[PDB]
Amino acid sequence: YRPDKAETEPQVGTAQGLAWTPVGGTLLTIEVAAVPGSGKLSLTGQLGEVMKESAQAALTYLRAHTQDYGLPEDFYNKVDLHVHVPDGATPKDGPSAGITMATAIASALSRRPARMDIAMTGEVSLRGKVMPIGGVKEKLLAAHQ
Amino acid sequence: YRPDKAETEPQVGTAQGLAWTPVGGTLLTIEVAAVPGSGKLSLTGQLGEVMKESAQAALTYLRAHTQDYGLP
């Protein structure tokens, strides 16, 4: 490994993902693929439905913040979306890192690399609200360790 | 919870629902993203379509009550 886990340069479409193995709090980082198409949302790597709707909530928040973020005016309908977590599906309470998918697809759609040393996890609302996380402890351990 | 989750401030786009799971009824914060486009029922949250048509009866009532609520 690189020592600080921030020697990664800032990256389009990839952020550091605080998530939980049953082994524990881990950097299950985020992998996306945003290419033009039908606007379809593939989940790649056994990612479950709660991650699918989390991606929908992130998608619709971007829809609410399109020219806010300089996005194309039609992106959800012609840019196919393919996303990964190294864990297949999260055995925990949903993904607990909906904003991590949001951040990665934001960096992907901006064509502008988001930073590293991202110590983050949390649940987007389609209303646009970062839901509180259950089990802050091991997530922030996965940050700090 | 805060001093009172009922005393949480008024919310745009969503409302305090009423449930009964057999182990206990809950608030149902039914959240809706009014996303632009042309009309696409992008329902989610393991949604059964009877709630979809409930929302559609709501939708056509809003169509009936566009100037009751200043809607376009």
# chains A, B, ... in the order shown; residues from 1 in each chain; ligands from 1
call {"tool": "residues_around", "arguments": {"residues": "stretch 94-96 of chain A", "least_positions_apart": "4", "cutoff": "10 Å", "atoms": "only C-alpha atoms", "output": "PyMOL selection string"}}
result
chain A and resi 17-20+47-52+54+85+89-90+100-101+121-124+131-136+139
call {"tool": "write_last_selection", "arguments": {"atoms": "N, CA and C atoms", "output": "short mmCIF file (atom, residue, chain, number, x, y, z; two decimals), in the first residue's frame"}}
result
data_model
loop_
_atom_site.label_atom_id
_atom_site.label_comp_id
_atom_site.auth_asym_id
_atom_site.auth_seq_id
_atom_site.Cartn_x
_atom_site.Cartn_y
_atom_site.Cartn_z
N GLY A 17 -14.13 4.90 -0.24
CA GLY A 17 -15.44 4.55 0.28
C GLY A 17 -15.42 3.87 1.63
N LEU A 18 -15.84 4.61 2.66
CA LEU A 18 -15.95 4.04 4.00
C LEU A 18 -17.13 3.09 4.03
N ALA A 19 -16.85 1.80 4.11
CA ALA A 19 -17.91 0.82 4.16
C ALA A 19 -17.51 -0.28 5.12
N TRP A 20 -18.39 -1.27 5.25
CA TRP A 20 -18.23 -2.31 6.25
C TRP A 20 -18.15 -3.66 5.57
N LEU A 47 -24.19 -5.82 -6.96
CA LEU A 47 -24.72 -4.73 -6.15
C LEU A 47 -26.24 -4.79 -6.10
N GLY A 48 -26.77 -4.73 -4.89
CA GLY A 48 -28.18 -4.94 -4.64
C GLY A 48 -29.06 -3.73 -4.94
N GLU A 49 -30.36 -3.96 -4.77
CA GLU A 49 -31.40 -3.00 -5.13
C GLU A 49 -31.34 -1.73 -4.29
N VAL A 50 -30.95 -1.85 -3.02
CA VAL A 50 -30.83 -0.67 -2.18
C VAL A 50 -29.72 0.24 -2.68
N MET A 51 -28.64 -0.35 -3.19
CA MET A 51 -27.64 0.44 -3.91
C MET A 51 -28.19 1.01 -5.21
N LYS A 52 -29.10 0.30 -5.87
CA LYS A 52 -29.69 0.80 -7.11
C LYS A 52 -30.51 2.06 -6.86
N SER A 54 -30.27 3.95 -4.22
CA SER A 54 -29.35 4.97 -3.75
C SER A 54 -28.73 5.71 -4.92
N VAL A 85 -18.89 -1.78 -6.34
CA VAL A 85 -18.29 -1.86 -5.01
C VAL A 85 -17.53 -3.18 -5.02
N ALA A 89 -22.67 -7.32 -2.47
CA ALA A 89 -23.73 -6.51 -1.91
C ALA A 89 -23.41 -6.27 -0.45
N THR A 90 -23.83 -5.12 0.06
CA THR A 90 -23.52 -4.79 1.44
C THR A 90 -24.41 -5.59 2.37
N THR A 100 -21.24 8.40 -1.37
CA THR A 100 -20.01 7.97 -2.01
C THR A 100 -20.25 7.67 -3.48
N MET A 101 -21.35 6.97 -3.79
CA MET A 101 -21.75 6.81 -5.18
C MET A 101 -22.05 8.15 -5.83
N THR A 121 -18.98 8.77 4.17
CA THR A 121 -20.01 7.76 4.01
C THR A 121 -21.31 8.36 4.53
N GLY A 122 -22.42 7.95 3.93
CA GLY A 122 -23.69 8.49 4.35
C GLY A 122 -24.76 8.25 3.31
N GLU A 123 -25.99 8.52 3.70
CA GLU A 123 -27.14 8.14 2.89
C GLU A 123 -27.87 9.37 2.36
N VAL A 124 -27.80 9.51 1.04
CA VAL A 124 -28.52 10.53 0.30
C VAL A 124 -30.02 10.31 0.45
N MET A 131 -28.91 11.38 5.23
CA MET A 131 -29.39 10.60 6.36
C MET A 131 -28.27 10.20 7.31
N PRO A 132 -28.52 10.22 8.61
CA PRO A 132 -27.52 9.78 9.59
C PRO A 132 -27.21 8.30 9.44
N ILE A 133 -25.98 7.97 9.73
CA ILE A 133 -25.48 6.61 9.63
C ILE A 133 -25.66 5.90 10.96
N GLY A 134 -26.07 4.64 10.88
CA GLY A 134 -26.02 3.75 12.02
C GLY A 134 -24.64 3.14 12.07
N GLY A 135 -24.02 3.18 13.24
CA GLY A 135 -22.66 2.71 13.35
C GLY A 135 -21.68 3.69 12.74
N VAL A 136 -21.55 4.86 13.37
CA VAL A 136 -20.53 5.82 12.96
C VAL A 136 -19.13 5.31 13.28
N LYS A 139 -17.08 3.00 10.65
CA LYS A 139 -16.90 3.79 9.43
C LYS A 139 -15.81 4.84 9.62
#
call {"tool": "closest_atom_pairs", "arguments": {"of": "chain A", "to": "chain B", "cutoff": "8 Å", "atoms": "only C-alpha atoms", "output": "JSON lines"}}
result
{"residue": "A:53", "atom": "CA", "partner": "B:44", "partner_atom": "CA", "distance": 6.9}
{"residue": "A:60", "atom": "CA", "partner": "B:35", "partner_atom": "CA", "distance": 6.6}
{"residue": "A:63", "atom": "CA", "partner": "B:35", "partner_atom": "CA", "distance": 6.5}
{"residue": "A:64", "atom": "CA", "partner": "B:35", "partner_atom": "CA", "distance": 6.6}
{"residue": "A:126", "atom": "CA", "partner": "B:33", "partner_atom": "CA", "distance": 5.6}
{"residue": "A:127", "atom": "CA", "partner": "B:33", "partner_atom": "CA", "distance": 5.9}
call {"tool": "select_by_dssp", "arguments": {"residues": "stretch 6-70 of chain B", "states": "alpha helix (DSSP H)", "output": "list in words"}}
result
residues 49, 50, 51, 52, 53, 54, 55, 56, 57, 58, 59, 60, 61, 62, 63 and 64 of chain B
call {"tool": "write_last_selection", "arguments": {"atoms": "N, CA and C atoms", "output": "PDB file, in the first residue's frame"}}
result
ATOM      1  N   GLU B  49     -47.655  -1.153  -6.657  1.00  0.00           N
ATOM      2  CA  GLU B  49     -48.282  -0.263  -7.623  1.00  0.00           C
ATOM      3  C   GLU B  49     -49.661   0.219  -7.209  1.00  0.00           C
ATOM      4  N   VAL B  50     -50.236  -0.338  -6.145  1.00  0.00           N
ATOM      5  CA  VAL B  50     -51.449   0.257  -5.613  1.00  0.00           C
ATOM      6  C   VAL B  50     -51.137   1.613  -4.986  1.00  0.00           C
ATOM      7  N   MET B  51     -49.949   1.774  -4.395  1.00  0.00           N
ATOM      8  CA  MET B  51     -49.530   3.103  -3.971  1.00  0.00           C
ATOM      9  C   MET B  51     -49.241   3.999  -5.162  1.00  0.00           C
ATOM     10  N   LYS B  52     -48.756   3.416  -6.260  1.00  0.00           N
ATOM     11  CA  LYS B  52     -48.590   4.163  -7.501  1.00  0.00           C
ATOM     12  C   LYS B  52     -49.912   4.727  -7.982  1.00  0.00           C
ATOM     13  N   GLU B  53     -50.954   3.913  -7.983  1.00  0.00           N
ATOM     14  CA  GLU B  53     -52.220   4.441  -8.456  1.00  0.00           C
ATOM     15  C   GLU B  53     -52.893   5.334  -7.434  1.00  0.00           C
ATOM     16  N   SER B  54     -52.565   5.172  -6.154  1.00  0.00           N
ATOM     17  CA  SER B  54     -52.982   6.148  -5.158  1.00  0.00           C
ATOM     18  C   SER B  54     -52.357   7.500  -5.450  1.00  0.00           C
ATOM     19  N   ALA B  55     -51.061   7.496  -5.752  1.00  0.00           N
ATOM     20  CA  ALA B  55     -50.371   8.703  -6.170  1.00  0.00           C
ATOM     21  C   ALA B  55     -50.886   9.201  -7.507  1.00  0.00           C
ATOM     22  N   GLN B  56     -51.413   8.315  -8.332  1.00  0.00           N
ATOM     23  CA  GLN B  56     -51.968   8.769  -9.591  1.00  0.00           C
ATOM     24  C   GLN B  56     -53.323   9.418  -9.410  1.00  0.00           C
ATOM     25  N   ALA B  57     -54.127   8.907  -8.481  1.00  0.00           N
ATOM     26  CA  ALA B  57     -55.362   9.582  -8.107  1.00  0.00           C
ATOM     27  C   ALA B  57     -55.054  10.936  -7.499  1.00  0.00           C
ATOM     28  N   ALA B  58     -53.987  10.993  -6.707  1.00  0.00           N
ATOM     29  CA  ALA B  58     -53.464  12.261  -6.225  1.00  0.00           C
ATOM     30  C   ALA B  58     -53.048  13.161  -7.374  1.00  0.00           C
ATOM     31  N   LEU B  59     -52.391  12.579  -8.373  1.00  0.00           N
ATOM     32  CA  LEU B  59     -51.857  13.342  -9.486  1.00  0.00           C
ATOM     33  C   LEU B  59     -52.975  13.947 -10.307  1.00  0.00           C
ATOM     34  N   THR B  60     -53.990  13.153 -10.610  1.00  0.00           N
ATOM     35  CA  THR B  60     -55.109  13.676 -11.366  1.00  0.00           C
ATOM     36  C   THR B  60     -55.998  14.578 -10.530  1.00  0.00           C
ATOM     37  N   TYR B  61     -55.953  14.473  -9.203  1.00  0.00           N
ATOM     38  CA  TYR B  61     -56.635  15.479  -8.406  1.00  0.00           C
ATOM     39  C   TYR B  61     -55.900  16.801  -8.462  1.00  0.00           C
ATOM     40  N   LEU B  62     -54.570  16.748  -8.449  1.00  0.00           N
ATOM     41  CA  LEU B  62     -53.777  17.952  -8.651  1.00  0.00           C
ATOM     42  C   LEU B  62     -53.995  18.524 -10.034  1.00  0.00           C
ATOM     43  N   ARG B  63     -54.205  17.650 -11.011  1.00  0.00           N
ATOM     44  CA  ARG B  63     -54.619  18.089 -12.332  1.00  0.00           C
ATOM     45  C   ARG B  63     -55.985  18.754 -12.267  1.00  0.00           C
ATOM     46  N   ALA B  64     -56.870  18.230 -11.423  1.00  0.00           N
ATOM     47  CA  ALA B  64     -58.137  18.898 -11.176  1.00  0.00           C
ATOM     48  C   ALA B  64     -57.950  20.146 -10.330  1.00  0.00           C
TER      49      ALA B  64
END
call {"tool": "closest_residue", "arguments": {"among": "A:84, A:92, A:2, A:78", "to": "residue A:40", "atoms": "only C-alpha atoms"}}
result
A:78
call {"tool": "select_by_dssp", "arguments": {"residues": "stretch 2-66 of chain B", "states": "strand (DSSP E)", "output": "ChimeraX atom specification"}}
result
/B:16-18,27-29
call {"tool": "atom_distance", "arguments": {"atom1": "atom CA of residue B:29", "atom2": "atom CA of residue B:65"}}
result
23.5 Å
call {"tool": "residues_around", "arguments": {"residues": "residue A:4", "least_positions_apart": "3", "cutoff": "10 Å", "atoms": "only C-alpha atoms", "output": "ChimeraX atom specification"}}
result
/A:1,7-8,117,144-145
call {"tool": "atom_distance", "arguments": {"atom1": "atom CA of residue A:68", "atom2": "atom CA of residue A:99"}}
result
17.0 Å
call {"tool": "closest_atom_pairs", "arguments": {"of": "stretch 52-115 of chain A", "to": "stretch 28-34 of chain A", "cutoff": "12 Å", "atoms": "only C-alpha atoms", "output": "Markdown table"}}
result
| residue | atom | partner | partner_atom | distance |
| --- | --- | --- | --- | --- |
| A:55 | CA | A:32 | CA | 10.8 |
| A:59 | CA | A:34 | CA | 11.9 |
| A:75 | CA | A:34 | CA | 9.8 |
| A:76 | CA | A:34 | CA | 10.3 |
| A:77 | CA | A:34 | CA | 12.0 |
| A:78 | CA | A:34 | CA | 10.2 |
| A:79 | CA | A:34 | CA | 6.3 |
| A:80 | CA | A:34 | CA | 5.8 |
| A:81 | CA | A:34 | CA | 4.6 |
| A:82 | CA | A:33 | CA | 4.7 |
| A:83 | CA | A:32 | CA | 4.1 |
| A:84 | CA | A:31 | CA | 4.8 |
| A:85 | CA | A:30 | CA | 5.6 |
| A:86 | CA | A:28 | CA | 6.2 |
| A:87 | CA | A:28 | CA | 6.9 |
| A:88 | CA | A:28 | CA | 10.4 |
| A:89 | CA | A:28 | CA | 11.2 |
| A:90 | CA | A:28 | CA | 10.1 |
| A:95 | CA | A:28 | CA | 10.5 |
| A:96 | CA | A:28 | CA | 11.4 |
| A:97 | CA | A:30 | CA | 9.6 |
| A:98 | CA | A:30 | CA | 10.5 |
| A:99 | CA | A:30 | CA | 10.5 |
| A:100 | CA | A:30 | CA | 6.9 |
| A:101 | CA | A:30 | CA | 6.6 |
| A:102 | CA | A:30 | CA | 9.8 |
| A:103 | CA | A:30 | CA | 9.1 |
| A:104 | CA | A:32 | CA | 6.6 |
| A:105 | CA | A:32 | CA | 6.6 |
| A:106 | CA | A:32 | CA | 10.1 |
| A:107 | CA | A:32 | CA | 9.7 |
| A:108 | CA | A:34 | CA | 6.5 |
| A:109 | CA | A:34 | CA | 7.1 |
| A:110 | CA | A:34 | CA | 10.6 |
| A:111 | CA | A:34 | CA | 10.1 |
call {"tool": "decode", "arguments": {"residues": "stretch 56-80 of chain A", "atoms": "N, CA and C atoms", "output": "PDB file, in the first residue's frame"}}
result
ATOM      1  N   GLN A  56     -30.222   5.981  -7.730  1.00  0.00           N
ATOM      2  CA  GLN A  56     -31.327   6.781  -8.250  1.00  0.00           C
ATOM      3  C   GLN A  56     -31.460   8.090  -7.492  1.00  0.00           C
ATOM      4  N   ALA A  57     -31.308   8.041  -6.170  1.00  0.00           N
ATOM      5  CA  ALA A  57     -31.411   9.245  -5.355  1.00  0.00           C
ATOM      6  C   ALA A  57     -30.276  10.205  -5.665  1.00  0.00           C
ATOM      7  N   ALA A  58     -29.074   9.664  -5.847  1.00  0.00           N
ATOM      8  CA  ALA A  58     -27.938  10.473  -6.271  1.00  0.00           C
ATOM      9  C   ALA A  58     -28.175  11.070  -7.647  1.00  0.00           C
ATOM     10  N   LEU A  59     -28.709  10.253  -8.556  1.00  0.00           N
ATOM     11  CA  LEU A  59     -29.043  10.667  -9.909  1.00  0.00           C
ATOM     12  C   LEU A  59     -30.022  11.823  -9.898  1.00  0.00           C
ATOM     13  N   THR A  60     -31.054  11.713  -9.077  1.00  0.00           N
ATOM     14  CA  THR A  60     -32.089  12.729  -9.046  1.00  0.00           C
ATOM     15  C   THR A  60     -31.646  13.965  -8.285  1.00  0.00           C
ATOM     16  N   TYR A  61     -30.710  13.823  -7.348  1.00  0.00           N
ATOM     17  CA  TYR A  61     -30.124  15.010  -6.744  1.00  0.00           C
ATOM     18  C   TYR A  61     -29.300  15.776  -7.760  1.00  0.00           C
ATOM     19  N   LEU A  62     -28.573  15.050  -8.606  1.00  0.00           N
ATOM     20  CA  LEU A  62     -27.867  15.687  -9.709  1.00  0.00           C
ATOM     21  C   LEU A  62     -28.843  16.309 -10.688  1.00  0.00           C
ATOM     22  N   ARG A  63     -29.987  15.656 -10.882  1.00  0.00           N
ATOM     23  CA  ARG A  63     -31.054  16.222 -11.695  1.00  0.00           C
ATOM     24  C   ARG A  63     -31.564  17.515 -11.087  1.00  0.00           C
ATOM     25  N   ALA A  64     -31.618  17.572  -9.760  1.00  0.00           N
ATOM     26  CA  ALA A  64     -32.007  18.795  -9.086  1.00  0.00           C
ATOM     27  C   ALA A  64     -30.904  19.840  -9.117  1.00  0.00           C
ATOM     28  N   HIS A  65     -29.678  19.451  -9.447  1.00  0.00           N
ATOM     29  CA  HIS A  65     -28.535  20.348  -9.370  1.00  0.00           C
ATOM     30  C   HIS A  65     -27.711  20.256 -10.637  1.00  0.00           C
ATOM     31  N   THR A  66     -28.406  20.323 -11.772  1.00  0.00           N
ATOM     32  CA  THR A  66     -27.781  20.058 -13.063  1.00  0.00           C
ATOM     33  C   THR A  66     -26.906  21.221 -13.509  1.00  0.00           C
ATOM     34  N   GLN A  67     -27.514  22.389 -13.724  1.00  0.00           N
ATOM     35  CA  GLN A  67     -26.724  23.568 -14.049  1.00  0.00           C
ATOM     36  C   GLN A  67     -26.050  24.141 -12.817  1.00  0.00           C
ATOM     37  N   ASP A  68     -26.482  23.713 -11.629  1.00  0.00           N
ATOM     38  CA  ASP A  68     -25.716  23.952 -10.417  1.00  0.00           C
ATOM     39  C   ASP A  68     -24.343  23.300 -10.509  1.00  0.00           C
ATOM     40  N   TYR A  69     -24.273  22.105 -11.088  1.00  0.00           N
ATOM     41  CA  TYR A  69     -23.010  21.398 -11.226  1.00  0.00           C
ATOM     42  C   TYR A  69     -22.495  21.406 -12.656  1.00  0.00           C
ATOM     43  N   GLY A  70     -23.072  22.231 -13.527  1.00  0.00           N
ATOM     44  CA  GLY A  70     -22.613  22.327 -14.901  1.00  0.00           C
ATOM     45  C   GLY A  70     -22.839  21.093 -15.742  1.00  0.00           C
ATOM     46  N   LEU A  71     -23.772  20.238 -15.348  1.00  0.00           N
ATOM     47  CA  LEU A  71     -24.005  18.965 -16.003  1.00  0.00           C
ATOM     48  C   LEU A  71     -24.726  19.167 -17.335  1.00  0.00           C
ATOM     49  N   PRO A  72     -24.678  18.175 -18.231  1.00  0.00           N
ATOM     50  CA  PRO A  72     -25.545  18.223 -19.412  1.00  0.00           C
ATOM     51  C   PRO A  72     -27.009  18.168 -19.018  1.00  0.00           C
ATOM     52  N   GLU A  73     -27.832  18.865 -19.802  1.00  0.00           N
ATOM     53  CA  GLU A  73     -29.241  19.028 -19.477  1.00  0.00           C
ATOM     54  C   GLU A  73     -30.024  17.729 -19.611  1.00  0.00           C
ATOM     55  N   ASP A  74     -29.519  16.769 -20.381  1.00  0.00           N
ATOM     56  CA  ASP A  74     -30.091  15.428 -20.448  1.00  0.00           C
ATOM     57  C   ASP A  74     -28.978  14.405 -20.255  1.00  0.00           C
ATOM     58  N   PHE A  75     -28.909  13.825 -19.066  1.00  0.00           N
ATOM     59  CA  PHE A  75     -27.799  12.937 -18.763  1.00  0.00           C
ATOM     60  C   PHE A  75     -28.335  11.597 -18.285  1.00  0.00           C
ATOM     61  N   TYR A  76     -29.458  11.635 -17.571  1.00  0.00           N
ATOM     62  CA  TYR A  76     -30.093  10.448 -17.016  1.00  0.00           C
ATOM     63  C   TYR A  76     -30.797   9.617 -18.072  1.00  0.00           C
ATOM     64  N   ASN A  77     -30.914  10.133 -19.289  1.00  0.00           N
ATOM     65  CA  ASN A  77     -31.672   9.499 -20.353  1.00  0.00           C
ATOM     66  C   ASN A  77     -30.815   9.104 -21.539  1.00  0.00           C
ATOM     67  N   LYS A  78     -29.546   9.499 -21.565  1.00  0.00           N
ATOM     68  CA  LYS A  78     -28.702   9.096 -22.673  1.00  0.00           C
ATOM     69  C   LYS A  78     -27.282   8.722 -22.281  1.00  0.00           C
ATOM     70  N   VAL A  79     -26.954   8.652 -20.996  1.00  0.00           N
ATOM     71  CA  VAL A  79     -25.612   8.287 -20.553  1.00  0.00           C
ATOM     72  C   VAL A  79     -25.737   7.077 -19.644  1.00  0.00           C
ATOM     73  N   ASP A  80     -25.276   5.927 -20.120  1.00  0.00           N
ATOM     74  CA  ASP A  80     -25.433   4.695 -19.367  1.00  0.00           C
ATOM     75  C   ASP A  80     -24.442   4.623 -18.218  1.00  0.00           C
TER      76      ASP A  80
END
